[PDB]
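Chains B, C and A supply the protein sequences, listed in that same order.
The number in the deposited numbering is simply the position in the first sequence, starting from 1, with 21 added.
The number in the deposited numbering is simply the position in the second sequence, starting from 1, with 11 added.
The number in the deposited numbering is simply the position in the third sequence, starting from 1, with 21 added.
Even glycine gets a Cβ: it sits at the ideal position worked out from N, Cα and C.
Notes follow the structure.
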Amino acid sequence: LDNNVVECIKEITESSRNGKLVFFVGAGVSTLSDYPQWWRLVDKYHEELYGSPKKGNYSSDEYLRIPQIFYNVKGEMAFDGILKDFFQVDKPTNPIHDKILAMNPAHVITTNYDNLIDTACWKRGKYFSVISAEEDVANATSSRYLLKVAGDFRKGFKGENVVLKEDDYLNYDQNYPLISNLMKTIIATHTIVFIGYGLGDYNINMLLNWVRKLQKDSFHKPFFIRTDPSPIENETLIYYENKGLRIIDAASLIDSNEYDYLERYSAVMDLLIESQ
Amino acid sequence: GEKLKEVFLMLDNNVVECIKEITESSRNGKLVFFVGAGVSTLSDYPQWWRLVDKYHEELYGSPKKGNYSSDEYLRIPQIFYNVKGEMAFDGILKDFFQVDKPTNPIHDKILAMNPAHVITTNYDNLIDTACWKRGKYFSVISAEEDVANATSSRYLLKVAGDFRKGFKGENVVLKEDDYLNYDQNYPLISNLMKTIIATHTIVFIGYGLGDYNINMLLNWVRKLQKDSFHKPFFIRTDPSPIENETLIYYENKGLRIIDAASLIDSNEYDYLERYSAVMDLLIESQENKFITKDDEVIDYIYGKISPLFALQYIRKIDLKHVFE
Amino acid sequence: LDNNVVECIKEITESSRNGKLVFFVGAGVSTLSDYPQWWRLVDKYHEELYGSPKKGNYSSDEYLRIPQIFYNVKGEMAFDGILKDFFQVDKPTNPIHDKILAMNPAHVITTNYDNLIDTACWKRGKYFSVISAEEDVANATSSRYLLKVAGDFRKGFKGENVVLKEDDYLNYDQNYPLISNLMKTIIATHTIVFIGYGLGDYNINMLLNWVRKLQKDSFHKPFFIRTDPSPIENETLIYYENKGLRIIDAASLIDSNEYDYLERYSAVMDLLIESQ
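What follows is the structure in structure tokens.
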């Protein structure tokens, strides 16, 4: 019924019983809680600086520079008020945030700047530690960790706390030294399962650049959950298998429509859950 | 024809202070052009999207159905190299880049702007043929070994490799492995590029303000301290005019932009009209045709003769060298 | 007893009772156990390198290049045999190893390549996970780590395993990627107390550089135990209270002559043990 992923599940359920499994939760999970996807905000910086909305599919150059262009031109207070008006919203808890916590993970690292996984923790009662700035690594009060590597809005709705702009991705190891370093230790020691990302995200490939610098057979290979609608090519699967990743695709396990994300995330995860 | 003189009177104070400083550096011998893919495509040279249409179809069976995402567009020649080998990667490069295409009139206008060096990200041979037609020799540098074995101290610095040592893919940086190992594989091409920018006047031709080369060069400029470096010039040849908020953002990053859609009115596909309206506006400002003020003829004769007040007498056979 | 040494102890005991105290075992605790110091080894090369022994003193260049020349000229089997001739020893444990385990450390990180802290933990029953090479970072069996950051001779008495040559010290971020990460992850989440270095040791200068990359007040400032004969001057003390090394100086607490090393080490540790 399945091809070569039957060995992939058995290590995960072994990692679930051992308590050595860490999910790398992404925005593909958080977009399921009808949270504002980031392209809506870029349009708000677009339509205030250009004086008109985007007429079509804009260029990838101005996909990382319109958050920065509004930062350098319109200032800091105007950039901060828009982060209030688009992020001070209440979204409910997705089933996936129960399904991710159904496996009882070792740590939860995420690039999500919301509080949605920070809501399903205390609702289910699993006590984690929210580290999102540099002042929380040394004042960490628990061996279990919730690591928000892109910052969050706990200290307020300002631009100083969260990684959005272009400068915050380049000047990143020179700004978050212990959150970059705490992440690479977690990936070294515990088994990483990606969920909620494509095979072309900024945060996914920057890991695979690091994995090649490591020694061969020194790392346990990361798993990837692909929930894209179109199925992966046979040459694309071998390109990330020969770069560290072990892809578990949803488009080859179940048959769904082109807009059926929540049905795709559950079918992989319940296959992981029901084995345990 | 005479449109350029009535363009010139419609320039604002920003572009006039760009043309006065680009042309003062060509006269000093401190002008360097940084040539991109824009002047190569005006000679019909095979663009890199015509290659990435070959790989995705010899690696995925069928031609493309939809637009390339930036995730896919960067990584298709690496999937072809890893899966389908290294002799077939060099075969596709051999199939498309055996052309012997002509040099566009823009290759003539760059060299007629009398440069000291020409840096290029183009792996073509088009700029190197045009330099040898004229009576100046450029030491072509495309590998690591060519820097210490340099000859003439006027470099044609091909920072993206070249196919002079064969049609092999290990001599030209094209893939993504070649984009992240560039500082490791090319330590001396990078240092020689960054020293010319630090010591000369730079004009960028053939780019569009979002490029991997312009962005990795404005990151190096962010590391330099304030007011120690001359700001590079950037010629923009795009159909849409530049918006004012973008020209603020790139002037604070250290680019002095001359928009070509802001100087002339042209069609969306007439790229030689936009390239020649900025290059001819520099070339005809040096070959002094935009002097119709009758007190700009005073500080032109003064700027060439006020040195000669330190001497007592000057021969008249020497004054025909003062005025070139 | 001044308040500064008092305020050093009142944290370290509270870190030991909370299980967040990590000792950094250094070259001091092995020479008290009379393990062969490295300078007689660089003598042994310099008896076959230049052909004649040390008529005078050495230079800091020859302190760092005499091993490398022998491995290049005499070969690879001649270098490993000299390490074989001097390291087939069974030296006993000092009491200073026992004063380190007496505070119940959360981790023990050392740059010593001997098995002396291995045997000191085996006798007292403190089971740890020795990580010396890079195939042990992912294959670790526990969460209490015994991290040899300089390698160990468990695989063999060969020059490949242990960083001794000049090429071995410059390619440390390229031969030990994870251990260079696993060390700094422990420094941020614990209280680090150094034992067994001078102020100008090469391993201490590298840790003082990484703290400069860190932020202001984002880290708990580690503690240094300096056991030199002459007491440190108060001017030198202020220079390390901002670079990131609180100093408990052993010479300013008791009286001892110019060669009683084990007296100076035993004094400062009993102030820690009797406080708990």
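Quiz item: Just by C-beta distance, which residues in the region 252-285 of chain C are closer than 8 Å to chain B?
Solution: Of all residues in the region 252-285 of chain C, only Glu-254, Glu-256, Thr-257, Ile-259, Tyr-260 and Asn-263 place a beta-carbon less than 8 Å from a beta-carbon of chain B.
Practice problem: List the residues that DSSP assigns as beta-bridge partners of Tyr-148(C). | Solution: Looking at the DSSP assignment, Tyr-148(C) forms no beta bridge with any residue, so it has no partner.
Quiz item: Which whole-angstrom value is the C-beta distance of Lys-41(C) and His-211(C), which I expect to be below 8 Å?
Solution: 5 Å
Exercise. With 9 Å as the threshold, decide whether the Cβ of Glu-181(B) is near any Cβ in chain A.
Key: With 9 Å as the cut-off, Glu-181(B) does not count as an interface residue toward chain A.
Quiz item: Mind pulling the chain A residues with CB within less than 7 Å of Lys-205(B)?
Solution: When 7 Å is used as the limit between beta carbons, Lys-205(B) is near these residues of chain A: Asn-202, in chain order.
Self-check item: Environment of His-128(A) [buried if 16+ CB atoms lie within 10 Å]
Solution: buried
Self-check item: Bounding residues of the beta strand (DSSP E) (the contiguous stretch that carries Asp-270(A))
Solution: 267-270
Quiz prompt | Proximal chain C residues relative to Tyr-71(B), where beta-carbon distance stays under 8 Å | solution = Per Cβ cutoff of 8 Å: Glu-254 and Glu-256.
Quiz item: Is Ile-33(B) near the ligand SAM, going by C-beta to nearest heavy atom under 8 Å?
Solution: Among the components of this structure there are no ligands whatsoever, and the ligand SAM is therefore not found.
Practice problem: For the region 79-117 of chain A, list the alpha helix (DSSP H) runs that are entirely contained and at least 4 residues long, ordered along the chain. | Solution: 83-94 and 98-108
Quiz prompt | Local conformation of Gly-172(C) per DSSP, three classes | solution = strand
Exercise. List the DSSP bridge partners of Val-232(B).
Key: Answer is none; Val-232(B) lacks a bridge partner.
Self-check item: Beta-carbon contacts of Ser-164(C) that lie in its chain and below 8 Å, excluding the five residues immediately before and after
Solution: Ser-150
Exercise. Might you give, ordered along the chain, the residues of its own chain that have their beta carbon closer than 8 Å to the beta carbon of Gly-49(B), omitting 5 neighbours on each side?
Key: Spatial neighbours of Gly-49(B) in its own chain (CB-CB distance under 8 Å, excluding positions within 5 residues in sequence) are listed in chain order as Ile-216, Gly-217, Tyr-218, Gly-219, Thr-248, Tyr-282 and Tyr-286.
Self-check item: 4 or more residues per run - each alpha helix (DSSP H) lying fully within the region 158-233 of chain B
Solution: 188-191 and 198-210
Exercise. Could you list which residues in chain A have their beta carbon closer than 8 Å to that of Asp-173(B), in chain order?
Key: In chain order: nothing, as chain A lies at least about 17 Å away.
Quiz item: Under 9 Å, do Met-204(B) and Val-183(B) count as touching if we go by C-beta distance?
Solution: no
Exercise. Go ahead and label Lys-186(B) buried or exposed: buried means 16 or more other beta carbons lie within 10 angstroms of its beta carbon, across all protein chains shown.
Key: Looking at its Cβ environment, which holds 16 or more other Cβ atoms inside 10 Å, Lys-186(B) is buried.
Practice problem: Could you tell me whether the region 218-234 of chain A touches the region 65-72 of chain A, where touching means 3 or more Cβ pairs closer than 8 Å? | Solution: Judged by Cβ distances under 8 Å, the region 218-234 of chain A makes no contact with the region 65-72 of chain A, as fewer than three pairs qualify.
Quiz prompt | Among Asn-115(A), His-241(A) and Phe-178(A), the one whose alpha carbon lies nearest that of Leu-53(A) | solution = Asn-115(A)
Quiz item: Which residues in the same chain have their Cβ closer than 8 Å to the Cβ of residue 313(B), if we skip the five residues on either side of it in sequence?
Solution: In the structure displayed, chain B extends from 22 to 297; residue 313(B) sits before or after that span and is not available.
Practice problem: Under 6 Å Cβ to Cβ from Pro-126(B), same chain only, skipping five residues before and after it: list those, please. | Solution: Excluding positions up to five away in sequence, the list reads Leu-42, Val-43 and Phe-44.
Quiz item: From what residue to what residue does the alpha helix (DSSP H) around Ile-253(B) run?
Solution: Per DSSP, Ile-253(B) belongs to no alpha helix (DSSP H) and is neither H nor E.
Exercise. Since I believe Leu-137(A) is in contact with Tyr-56(A) (beta carbons under 8 Å), could you give me their beta-carbon distance rounded to a whole number of angstroms?
Key: 7 Å
Exercise. Below 8 Å CB to CB, which residues in the same chain sit around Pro-252(B) once its five sequence neighbours on both sides are set aside?
Key: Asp-270, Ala-272 and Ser-273
Practice problem: Reducing DSSP to helix, strand and coil, say where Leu-258(C) ends up. | Solution: helix
Quiz item: Buried or exposed: which applies to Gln-89(C), given that a residue is buried once 16 or more other Cβ atoms fall within 10 Å of its Cβ?
Solution: buried
Quiz prompt | Identity of the residue in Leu-228(A), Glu-155(A) and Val-94(A) nearest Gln-195(A) by Cα | solution = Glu-155(A)
Self-check item: Reference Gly-180(B); option with closest CA among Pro-74(B), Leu-228(B) and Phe-108(B)
Solution: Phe-108(B)
Quiz item: Would you call the CB atoms of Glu-279(B) and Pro-250(B) closer than 9 Å?
Solution: Judged by beta-carbon spacing, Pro-250(B) lies within the 9 Å limit of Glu-279(B), meaning their Cβ atoms are closer than that value.
Practice problem: Would you check if the distance between the CB atom of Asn-133(C) and the CB atom of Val-46(C) is smaller than 9 Å? | Solution: Cβ distance < 9 Å, so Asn-133(C) and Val-46(C) count as in contact.
Quiz prompt | Cα-Cα separation, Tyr-223(C) to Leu-104(B) | solution = Counting only the Cα atoms, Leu-104(B) lies some 29 Å from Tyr-223(C).
Quiz item: For the beta strand (DSSP E) that contains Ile-130(A), what are its first and last residues?
Solution: 128-131
Quiz prompt | Identified DSSP bridge partners for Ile-246(C) | solution = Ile-269(C)
Quiz item: Where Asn-78(A) and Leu-199(C) are concerned, what is the direct C-alpha to C-alpha distance, given to the nearest angstrom?
Solution: 40 Å
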